[PDB]
Structure formats: C-alpha cells, structure tokens
Amino acid sequence: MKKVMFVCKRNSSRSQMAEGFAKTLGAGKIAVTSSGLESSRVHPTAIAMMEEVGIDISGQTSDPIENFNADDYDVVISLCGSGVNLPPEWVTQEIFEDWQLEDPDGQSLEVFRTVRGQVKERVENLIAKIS
C-alpha cells in the first residue's frame, strides 16, 4: 500500500497533526511514517488537543528520514517548502505536496482548533487524490 510521510525540518512546529490525521483518515488504505529532519517532539499542547480529536502525534519520534529510502515510499509532504534541507529523493516521489499550513506552537486555543480543521481538510484532499 501507499506509504506517506509528512516531514518538515524541526518538529516543535510543523510535522505534527498532519501525520496523525493521515493515520486516522487513511487507516487500512495507506501507511504513514513521519520520521523528520532536525526533529524533536511535537508541541506539548498539540498532543492534548490532538488527543481531544482522539489522535496521537507524540509517538512520531523515530529514526531521521535520512535513515530511510524514498523509493520504498509512495507519497511525501514537505509541509514548509520544497528544499526543506531535505534529500531530493523525498520530493521526487509519485506526488510532491507542501502547504502553508499554520501551526499552533505557543498560540491561543483558536489556532489549535483552526489547525485541526485545516489539517483534516489538507490530509483528506491528499488521501482523496492518492486513494
């Protein structure tokens, strides 16, 4: 099945919620591994809001993307540009995606509530085109 990644550089902002929703919406259709570059944990308050929508994002922490090969994957979202200080084989998968997704790091509850809606919609659109 199609394996997905949602990998921006760093993880304190970006590389959160998108993979969590793709796990949710893409369950039984597609696989998701968001390894990361220059990465860290996801935002603390994200996990609480994301668990309020019933989703884990905390559990992302794994090997860096560089440890993997993109040829094993099918789809990769770069989430914060094209170059992203990321190896080129990752963008050149069967679908390249990247969006001006806003991020709730240190922001008010309105931004967490907004980003859940925003991300659900981007991730549904990504799934709807691949699956």
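Shown numbers run from 1 along every chain as its sequence is written, which may differ from how the entry numbers residues; residues without coordinates are omitted from display. Hydrogens and water are ignored here; the side-chain numbers use all heavy atoms of the structure.

Regarding how it was determined, this PDB entry cites solution NMR in its header.

Caption draft 1: Region of interest: the environment of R10. For the purposes of this entry, the term helix denotes a DSSP run of H or I that reaches at least four residues, the term strand denotes a run of E that reaches at least two, and both are numbered from the N terminus. Structurally, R10 can be placed in the loop between β1 (3–6) and α1 (18–25). For the pair formed by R10 and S40, sequence separation is 30 residues and the distance between their alpha carbons is 6.3 Å. We define a polar contact as two N or O atoms separated by no more than 3.5 Å, with the added condition that, inside protein, one atom must be a possible hydrogen donor and the other a possible acceptor, whereas residues neighbouring each other in sequence contribute only through side-chain atom pairs. A distance of 2.8 Å separates a polar atom in the side chain of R10 from a polar atom in the side chain of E38.

Caption draft 2: Summary view of unusual backbone geometry. The residue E38 is not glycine, and still its phi comes out positive at about 55 degrees. Structurally, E38 is set in the loop between β2 (31–32) and α2 (44–52). Located in the positive-phi region is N85, a residue other than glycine, with phi close to 55 degrees. With respect to the helices and strands, the residue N85 is situated in the loop between β3 (75–77) and β4 (95–97).

Caption draft 3: Inspection of the nonpolar core at higher detail. We define a nonpolar core as any set of buried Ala, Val, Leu, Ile, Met, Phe, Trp, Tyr and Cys residues linked to one another through side-chain atoms lying within 4.5 Å. A simple rule labels every residue: compare its accessible area, found with a 1.4 Å probe on the protein chains alone, to the largest value its type can have, and call it buried under 20%, exposed over 50%, or partly exposed in between. With 29 residues, the main nonpolar core has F6, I57, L79, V119, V123 and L126 as its most contacted residues. With eight residues, the top contributor of residues to this core is helix α3 (residues 109–130). Counting eleven residues, the second-largest nonpolar core is a separate cluster that includes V7, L37, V76 and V84.

Caption draft 4: A look at the state of the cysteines. Note on disulfides: each one is a pair of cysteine sulfur atoms within 2.5 Å. This structure, assessed with the given rule, holds one disulfide. The disulfide partner of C8 is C80, and the S-S distance across this bridge is 2.0 Å. The S-S bond linking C8 to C80 shows a torsion near 105 degrees; that makes this disulfide right-handed. Taken together, the residues span a long stretch of sequence, with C8 in the loop between β1 and α1 and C80 in the loop between β3 and β4 at a distance of 72 residues. Accessibility expressed as a relative area gives 4% for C8, which makes it buried.

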